[PDB]
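Given next, in structure tokens, is a single chain: the form solved without the named molecule.
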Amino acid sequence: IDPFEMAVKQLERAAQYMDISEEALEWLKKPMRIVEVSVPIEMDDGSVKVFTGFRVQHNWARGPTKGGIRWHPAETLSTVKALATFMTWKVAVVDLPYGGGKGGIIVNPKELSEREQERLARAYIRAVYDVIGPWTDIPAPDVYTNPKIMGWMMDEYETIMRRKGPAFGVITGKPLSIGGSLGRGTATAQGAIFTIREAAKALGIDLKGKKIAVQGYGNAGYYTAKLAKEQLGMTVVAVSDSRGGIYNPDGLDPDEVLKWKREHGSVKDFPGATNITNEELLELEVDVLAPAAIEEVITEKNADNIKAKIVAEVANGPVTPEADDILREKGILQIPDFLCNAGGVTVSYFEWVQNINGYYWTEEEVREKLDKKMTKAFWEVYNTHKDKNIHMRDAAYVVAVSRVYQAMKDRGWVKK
């Protein structure tokens, strides 16, 4: 289904749980500014190819818009608009002084050389320069897009801007050598475990010695397992990847699992474990469940079989709304998809703060600031959930849309 229309339907669905005027809802239904540009580069052969670029600024009531740039051959303007609309609420739920944005280029980066990729990155900046800036619109890395491209784009922006202001703050996720931030690799898992600890505290259960299962072993999942087995005494009993999964109640070492997966290409046939499939491992005797691999992994056909006390949605929407309804009545606490993994955007905000201030923090400072941000955001969502008797997703939507609506009213954009 059309991604932008799906985002609009979710906003309309959230509107019924709060007092929002119709004019503000119509304002939030459509992006404030959309830019479509031609991105021309010269290829290695010598010919000029024209690529289609996008940059969508959904809303900037609370501050400059924030969102990554995605390089995908199947990318569409509607998808970019939907992701920018989602980013608005993603930065609103954790109380960032940001609006929502998103960019994209319809390109297959697999077929571009490193010189062609640098040319594309610089041309995109040369084309969208008039709508981006450290206080206007801050891009970020996304699908098929990385810190190297961030460095190239930042250099192009600095060259155009003639070093008048802070050119590091125009983009985030860049290498440490040029305005980069510490804690950027482990941001999402750190935020996820902070929300998990807060959820356990709200449930009033001593979380040390409990069993956790993780779907996927990427940058998210592996670090989620490490940090669970790092500083809160959370016993890992199962991990998984695309190929398969393992489980053993005696205990698992995340570092030994990672090295075995790296030296063998997958976690399958891990020593001292019996291969258990992902769909079987989701239904496991665990006290914290943290799916962190893919989306749509918890559906109607498998929602009623889950037996965990806490589900932490580290992945981007791993639980369907009907599954949300099933898991809610069972008494299972869930963490909304765009609240659990907000550590990445929070640390991008921290990087932007360090760039504009010209002063850079340490790992401990970033971790502690993210601790405060995530705990406050989770408590704000959870109290709304227990006050309005609505699901966690609905409470997070109510909080974020309420913040954006209040900013819009204060600016005078809307009266009612």
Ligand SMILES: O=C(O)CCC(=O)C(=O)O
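Just count from 1 along the sequence shown to find any residue number.
What follows is about the form solved in complex with the named molecule, which we do not show.
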Item to check | One residue of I193, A238, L339, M87 in contact with the named molecule, assessed in the deposited bound form (non-hydrogen atom, 4.5 angstroms) | outcome: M87
Checklist entry - Taking the named molecule in the deposited bound form as the reference, which of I125, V93, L289, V345 has a non-hydrogen atom within 4.5 Å? => result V345
Checklist entry - Using a 4.5 Å heavy atom cut-off, which stretch among 247-255, 133-141, 301-309, 199-207 contacts the named molecule in the deposited bound form? => result 133-141
Checklist entry - According to a 4.5 angstroms non-hydrogen atom cut-off, is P31 in contact with the named molecule in the deposited bound form? => result no
Next on the checklist: I'd like to check something about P64: if you look in the deposited bound form, is any of its heavy atoms closer than or equal to 4.5 Å to a heavy atom of the named molecule?
Outcome noted: no
Item to check | Neighbours of the named molecule in the deposited bound form among 149-176 [non-hydrogen atom within 4.5 angstroms] | outcome: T172
